[PDB]
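Close look at the chain arrangement
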Amino acid sequence: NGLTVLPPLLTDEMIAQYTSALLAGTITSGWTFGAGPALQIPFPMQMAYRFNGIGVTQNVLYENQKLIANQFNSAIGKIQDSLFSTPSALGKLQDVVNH
Amino acid sequence: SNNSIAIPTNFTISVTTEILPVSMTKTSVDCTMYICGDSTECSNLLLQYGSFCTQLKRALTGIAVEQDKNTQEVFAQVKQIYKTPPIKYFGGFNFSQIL
Amino acid sequence: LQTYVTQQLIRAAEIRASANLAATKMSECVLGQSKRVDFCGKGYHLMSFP
Amino acid sequence: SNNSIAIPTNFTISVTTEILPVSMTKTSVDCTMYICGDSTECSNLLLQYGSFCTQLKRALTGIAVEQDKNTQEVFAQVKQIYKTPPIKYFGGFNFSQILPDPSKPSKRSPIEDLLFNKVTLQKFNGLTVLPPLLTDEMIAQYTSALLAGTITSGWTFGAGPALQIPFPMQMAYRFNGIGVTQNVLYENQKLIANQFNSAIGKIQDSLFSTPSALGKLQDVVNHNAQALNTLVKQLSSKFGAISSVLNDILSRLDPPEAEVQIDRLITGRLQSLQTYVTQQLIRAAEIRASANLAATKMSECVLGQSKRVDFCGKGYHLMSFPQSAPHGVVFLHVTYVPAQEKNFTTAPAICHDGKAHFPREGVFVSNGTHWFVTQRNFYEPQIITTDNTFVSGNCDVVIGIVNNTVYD
Amino acid sequence: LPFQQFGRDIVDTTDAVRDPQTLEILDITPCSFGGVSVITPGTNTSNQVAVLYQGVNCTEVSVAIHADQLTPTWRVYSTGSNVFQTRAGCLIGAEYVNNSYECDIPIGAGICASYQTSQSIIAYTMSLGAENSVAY
Ligand SMILES: *[C@@H]1O[C@H](CO)[C@@H](O[C@@H]2O[C@H](CO)[C@@H](O)[C@H](O)[C@H]2NC(C)=O)[C@H](O)[C@H]1NC(C)=O
Ligand SMILES: *[C@@H]1O[C@H](CO)[C@@H](O[C@@H]2O[C@H](CO)[C@@H](O)[C@H](O)[C@H]2NC(C)=O)[C@H](O)[C@H]1NC(C)=O
Ligand SMILES: *[C@@H]1O[C@H](CO)[C@@H](O[C@@H]2O[C@H](CO)[C@@H](O)[C@H](O)[C@H]2NC(C)=O)[C@H](O)[C@H]1NC(C)=O
Ligand SMILES: *[C@@H]1O[C@H](CO)[C@@H](O[C@@H]2O[C@H](CO)[C@@H](O)[C@H](O)[C@H]2NC(C)=O)[C@H](O)[C@H]1NC(C)=O
Ligand SMILES: *[C@@H]1O[C@H](CO)[C@@H](O)[C@H](O)[C@H]1NC(C)=O
Ligand SMILES: *[C@@H]1O[C@H](CO)[C@@H](O)[C@H](O)[C@H]1NC(C)=O
Ligand SMILES: *[C@@H]1O[C@H](CO)[C@@H](O)[C@H](O)[C@H]1NC(C)=O
Ligand SMILES: *[C@@H]1O[C@H](CO)[C@@H](O)[C@H](O)[C@H]1NC(C)=O
Ligand SMILES: *[C@@H]1O[C@H](CO)[C@@H](O)[C@H](O)[C@H]1NC(C)=O
Ligand SMILES: *[C@@H]1O[C@H](CO)[C@@H](O)[C@H](O)[C@H]1NC(C)=O
Ligand SMILES: *[C@@H]1O[C@H](CO)[C@@H](O)[C@H](O)[C@H]1NC(C)=O
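The deposited coordinates derive from cryo-EM, with the record listing a resolution of 3.22 Å.

The name the PDB entry gives chain D is Spike glycoprotein, with Severe acute respiratory syndrome coronavirus 2 as the organism.

Per the PDB entry, chain B carries the name Spike glycoprotein and comes from Severe acute respiratory syndrome coronavirus 2.

**Overview of the overall build of chain B**
Helix and strand counts for chain B come out as three helices and one strand. Counting helices and strands in the order they occur from the N terminus, chain B gives β-α-α-α. Relative to the globule expectation of 13 Å for 99 residues, the C-alpha radius of gyration of chain B, 29 Å, shows a markedly less compact shape. If one aligns the C-alpha atoms of chain B with their principal axes, the spans along those axes are about 85 × 55 × 20 Å. When each of the 99 residues of chain B is scored for burial, the buried share is 26%. With an accessible surface of roughly 7000 Å², chain B has 55% of that area assigned to carbon and sulfur atoms. One way to put it: in chain B the 7 positive side-chain charges average out to a point 15 Å from where the 7 negative ones average out.

**Observations concerning the overall build of chain D**
If you tally the helices and strands in chain D, you get 11 helices and 14 strands. Relative to the 2.2 N^0.38 estimate, which gives 22 Å for 408 residues, the radius of gyration of chain D is 32 Å and therefore markedly larger than a compact globule would have. Dimensions of chain D, computed from C-alpha atoms along their principal axes, come out at roughly 115 × 55 × 40 Å. Within the span of chain D, comprising 408 residues, buried residues form 46% of the whole. Carbon together with sulfur atoms contributes 53% to the accessible area of chain D, which is approximately 19600 Å² in total.

**Things to note about the packing of helix 3 (residues 52-75) of chain B against helix 1 (residues 2-30) of chain C**
Where helix 3 of chain B meets helix 1 of chain C, the axes come as close as 10 Å, and the angle between the chain directions of the two elements is 15°. In this view, helix 3 of chain B runs roughly parallel relative to helix 1 of chain C, as classed from their interaxial angle. Judged by the sense of rotation from one axis to the other, the crossing of helix 3 of chain B with helix 1 of chain C is left-handed. Of helix 1 of chain C, the residues touching helix 3 of chain B (which contributes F52(B), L56(B), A59(B), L60(B), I63(B), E66(B), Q67(B), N70(B), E73(B) and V74(B)) are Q2(C), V5(C), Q8(C), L9(C), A12(C), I15(C), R16(C), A19(C), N20(C), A22(C), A23(C) and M26(C).

**Overview of the site of ligand 7**
Residues and elements named next belong to chain D. Residues in close proximity to ligand 7 include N367, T369, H370 and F372, which together make up its full environment. At 2.4 Å, a side-chain N or O of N367 approaches an oxygen atom of ligand 7. For ligand 7, the accessible surface in isolation is 360 Å², of which the surrounding protein chains cover 34%. Taken together, the residues that form the shell around ligand 7 break down as one nonpolar, three polar and no charged.

**Section: the sheet that holds strand 11 (residues 120-126) of chain E**
Residues and elements named next belong to chain E. On the basis of which strands lie adjacent, the open sheet formed by four strands has the order 8-11-10-9 and mixed pairing. Of all the strands in the sheet, the pair left with one neighbour each is strand 8 (95-101) and strand 9 (105-106). Alignment of strand 10 (residues 111-116) against strand 11, held across six bridges, turns out to be antiparallel. Looking at strand 11, one finds that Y115 is bridged to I121.

**What to know about the site of ligand 6**
Around ligand 6 lies a shell formed by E341(D), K342(D) and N343(D). A total of 360 Å² of accessible area belongs to ligand 6 in isolation, and the protein chains cover 36% of it.

**Regarding the interface of chain A and chain D**
On the side of chain D, 25 residues touch chain A, which itself brings 17 residues to the contact. With both chains or domains summed, chain A and chain D bury close to 1800 Å², and 61% of this area falls on carbon and sulfur atoms. If you sort the residues of chain A by the area they bury against chain D, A35(A), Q40(A) and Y62(A) come out on top, with a joint share of 29%. Applying the counting rule to chain A against chain D returns zero salt bridges. The tally of links between chain A and chain D comes to five residue pairs in polar contact. Mapped onto the side of chain A that touches chain D, the elements with two or more residues apiece are helix 2 (43-54), helix 3 (59-62) and helix 4 (65-85) of chain A. For the side of chain A that touches chain D, the element with the highest residue contribution is helix 2 of chain A, accounting for three residues.

**Regarding the side chain of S106(D)**
Relative to the helices and strands, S106(D) resides in the loop between strand 4 (80-81) and helix 4 (110-116). Within polar-contact distance, the side chain of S106(D) engages the side chain of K104(D) at 2.5 Å.

**Details of the arrangement of the chains**
Out of seven pairs of chains that touch, the pair holding the most contacts is chains A and B. There is a clear gap between chain C and chain E: no contact, and 24 Å between their nearest C-alpha atoms.

**Observations concerning the packing of aromatic side chains**
Throughout the structure, instances matching the rule amount to 27 aromatic pairs over all chains. Between the aromatic rings of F175(D) and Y336(D), the centroid separation amounts to 5.8 Å while the plane-to-plane angle is 80°, which identifies the pairing as edge-to-face. With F175(D) in helix 6 (residues 167-178) and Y336(D) in strand 7 (residues 328-339), the pair connects residues that are 161 residues apart, well separated along the chain. Each member of the pair, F175(D) as well as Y336(D), is classed as buried. In this structure an aromatic cluster arises from ring pairing among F90(D), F93(D), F95(D), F167(D), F196(D), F321(D) and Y136(E). Over the ring of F39(C) we find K25(C); its NZ or CZ atom is 4.1 Å from the centre of that ring. Here the guanidinium or amino end of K297(D) rests over the ring plane of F311(D), the centre of that ring lying 4.1 Å away.

**Concerning the UniProt feature "disulfide bond" in chain B**
Residue and element names in this part refer to chain B. Of the UniProt disulfides, the one joining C31 and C53 is intact in these coordinates, the sulfur pair sitting 2.0 Å apart. Placement of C31 in helix 1 (residues 31-35) and of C53 in helix 3 is noted, with a sequence separation of 22 residues between them. A sulfur gap of 2.0 Å between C36 and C42 means the disulfide that UniProt records is present in these coordinates.

**Comments concerning the side chain of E112(D)**
All names here are of chain D. Tracing the sequence through the fold places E112 in helix 4. Of the buried charged residues, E112 lacks a salt bridge, with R108 as the closest side chain of opposite charge at 6.1 Å. A polar contact of 2.9 Å, which involves the side chain of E112, links it to the side chain of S109. A distance of 2.8 Å separates a polar atom in the side chain of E112 from a polar atom in the side chain of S324.

**Some details on the interface of chain A and chain B**
Each side of the interface is counted separately: chain A has 40 residues, and chain B has 38 residues. Summed over both partners, the interface of chain A with chain B buries about 3700 Å², with 74% contributed by carbon and sulfur atoms. At the junction of chain A with chain B, the criterion picks out zero salt bridges. Applying the counting rule to chain A against chain B returns eight residue pairs in polar contact. Residues belonging to the side of chain A that touches chain B are distributed by class as follows: 29 nonpolar, 10 polar and one charged. In the sheet, strand 1 (residues 3-6) of chain A pairs with strand 1 (residues 26-29) of chain B via four bridges, with the strands oriented antiparallel. Its bridge partner lying in strand 1 of chain B, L3(A) is registered against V29(B).

What counts and how
Residues numbered from 1 in each chain as written, not as in the entry; some residues may be left out. Chains lettered and ligands numbered in written order. Part of a larger assembly, values for the part shown. Heavy atoms only, no water. Helix = DSSP H or I, 4+ residues; strand = E, 2+ residues; numbered from the N terminus. Rg over C-alpha atoms; globule rule 2.2 N^0.38 Å. Buried < 20%, exposed > 50% of the residue type's maximum accessible area, 1.4 Å probe, protein only. Areas by Shrake-Rupley, 256 points an atom, 1.4 Å probe, with all protein chains shown as cover. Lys, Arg positive; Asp, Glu negative; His and termini not counted. Charge placed at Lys NZ, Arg CZ, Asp CG, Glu CD. Axes fitted to C-alpha atoms, helices over the stretch in contact; angles between N-to-C directions. Parallel < 35°, antiparallel > 145°, perpendicular 65-115°, else oblique. Left-handed = near helix turned anticlockwise from the far one by under 90°. Contact = heavy atoms within 4.5 Å. Near = heavy atom within 4 Å. Polar contact = N/O pair within 3.5 Å; in protein donor to acceptor, adjacent residues only side chain to side chain. Nonpolar A, V, L, I, M, F, W, Y, C, P; charged D, E, K, R; others polar. Pairing = 2+ DSSP bridges. Buried area = accessible area lost by both parts, 1.4 Å probe. Salt bridge = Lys/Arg side-chain N within 4 Å of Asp/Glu carboxyl O. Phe/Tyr/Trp six-rings, centres within 6.5 Å; stacked < 30°, edge-to-face > 60°. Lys NZ or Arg CZ within 6 Å of the ring centre and 35° of its normal. Disulfide = S-S within 2.5 Å. UniProt positions renumbered as here; feature names shortened; annotations may be inferred.

Structure, rendered in structure tokens:
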């Protein structure tokens, strides 16, 4: 009756490219690419840096590398299942559409 | 007690989620097609109510422009599109669920 | 019409508050390590993924 | 790669800007003058509508008081009023572009002067504009006090009594804060001073050439002007009556017939005021959020060093300086950016005599033949002694451990 | 041009006319108006008040006091140190000292009023703060 809806400037494919860029930069560089040029560093050393940041010495990580890696992988597998089960998990995003 | 303490001897890794809205739907509305439609007589009567609809158009257009700005500020943080190496070994960590 | 437009203006201000908070969490939890308690999760923060 | 690291060998000092609105225009309204005027017949019909007008005056008055609290919350961060020393020598650093110049009568810095020459670009119907409580000269005194306190004291004046300290030592403290040892600054004091001075000079030309630099402060000036013009032009709309003049229809019309005509004009003009007041309330809320953010940046970037990423400028924060603009404030963020990286080969630990060795504060690195330990933000190799490593373990569990010699 | 009658501004309000008797162009300016404020201390303390005429010159008010103003609630008169002109309006009923204290009752562009000790209402200039200088 005189009402129109306009499409967003960024398509849903373009947005997903930005998220891929952030993931690739935070895996191979850490927090270096947020300040200046991206700098190489192996991943376990980044986790040692982060244990130092939270206040635990480096040797804790290196002597428990396998245990921590298994815990990280298992903890992210449950993310999918918790999303399948609960249908009201995305209440906030669904609330915007209905309003 | 003033001579006792508790110190942890083990740890665990946990992953949590957080959902945040960013933008909403962009709409535009036309007065004459809505209030009157195609009736010319109604258009003349609506004409002599000052500049109400000029205000409605400007109000709704300002909202539409902001919706593109919100997504630009959240995702478009880095100006370099990084790419992950073809081989996906990261010291035992498994990122296959998010890449 | 005026009632509809006025409601949208108030809603948009609420969205900006959420969008600004999201843009802050990306700078401090994703592009760095945050020492603010309970800002980027419960516990001692390590990293984040969007 | 899982055995390759990159480490910078040089840096760069950069200065950016940030513009934030702090307050907008204060206004007042008068019902009877705007709606009826000098017509006594109209004012008798208006009082049948009750206390609509008392609500409108309350709404605008509340906004006006809030504007004065927005300015007081940003600049009035200092109890004292510090003054710059008579001799302007700070170990090679130049501050002539930000400190006030006595030659100008208003005592405003050269950067502050050109800001006032760009954004700067009686009554009608009882709509009046009230003046802000704090004058422009008073605001610049607050800014000068903040600048003179962060130069001769650092961050100590933001927590209690102000304690003086030489400027290079303050910069060494801030380098320690960002994570680079003191000896880097002292051995490169002359070069760092030259880099900072060049960055300041580009600020003046950056604002000269760029037209859309002060675009955020310009919008609030034009938005408040448009609303008043739209409000005044609504006085010449028929709204469905014979004419748009009160006494013109008063004369050539039947006295009961003219009663319903005045009703249309009054209802139309009441609706115009409701639209204006409601619009200002929403805009005032948006400005208040901006003023609250500017108060946080003043307390966290100017009176101290912040470790929040991307909060006080891109890079690693060092310090900040405030500048005053009409209806706003401008920040000058000084940051530290690495440059000139290089390939390297790294290992997690060093094995010697059956014992593992981890660095204290550094990362192990090899140039091809010899292994060194260096800080993780500036290439500065050192010999691997026992005063920079701790054994803490055995040479059997760590993955990727290499073995070398450690000189005790 | 010798066919037009009256002029209009941007907001479509008459601001110039032409006399029909003798062809001459006249300007039109509205008669002065503005808000009125009352400055009082606690009524539990005293009964004196000070009046502020927002956005108007002091000479215009004094001239119009001669039975030509639409507010009979007038002050006593220009008894020497009562008429002080500020950037906000013609303040009547307060004496302007040349000292400086912290603000107590905001008035306008850097001017405040307070009840200081006989007893009277005084207007001064707001003091930013206690001065200091660090020996660098
Ligand atoms: C610290 O906790 C971890 C798990 O949180 C323990 O690892 C578990 O050990 C038991 C016994 O060998 C196994 O059955 C589990 O499968 C292990 N967990 C995982 C995820 O593999 C570890 O033993 C604890 N350490 C101490 C010293 O108590
Ligand atoms: C990372 O995790 C994924 C998800 O579990 C692994 O992919 C699974 O591998 C098993 C074993 O071959 C299969 O039975 C599953 O079907 C796979 N999942 C899917 C969705 O196909 C993957 O192997 C892990 N990464 C590595 C290097 O092992
Ligand atoms: C780090 O970078 C600075 C910035 O270019 C270098 O300073 C220049 O050095 C060259 C050669 O020594 C001089 O010709 C230039 O005049 C210097 N520029 C300035 C602005 O002074 C510095 O040499 C670099 N340091 C290293 C170790 O490479
Ligand atoms: C700090 O920088 C200013 C700006 O460059 C210097 O002032 C300049 O000095 C040179 C040398 O006399 C003159 O040629 C310029 O005309 C000056 N510019 C201005 C805008 O006055 C100032 O000398 C520097 N401070 C010190 C101590 O040298
Ligand atoms: C990790 O190191 C091993 C040698 O221990 C090497 O074979 C492998 O290629 C490395 N990973 C990558 C991704 O290059
Ligand atoms: C580091 O090594 C990579 C691998 O080839 C190379 O592309 C890069 O240019 C090197 N870095 C520098 C600063 O030369
Ligand atoms: C690597 O470091 C050693 C130790 O000083 C040095 O002798 C050698 O020349 C260096 N190699 C290169 C290519 O500079
Ligand atoms: C030292 O390291 C080499 C290879 O990294 C290994 O072959 C050798 O056995 C190590 N030394 C000892 C004493 O184990
Ligand atoms: C009207 O009469 C006056 C009388 O002084 C005269 O000056 C004027 O010229 C007359 N109007 C015209 C248009 O001549
Ligand atoms: C007020 O009137 C006096 C004398 O008429 C004049 O000197 C002064 O400039 C006037 N003030 C303003 C603001 O016009
Ligand atoms: C107040 O003192 C100042 C500075 O001495 C002076 O200029 C001013 O005339 C004084 N006010 C008077 C005397 O009313």
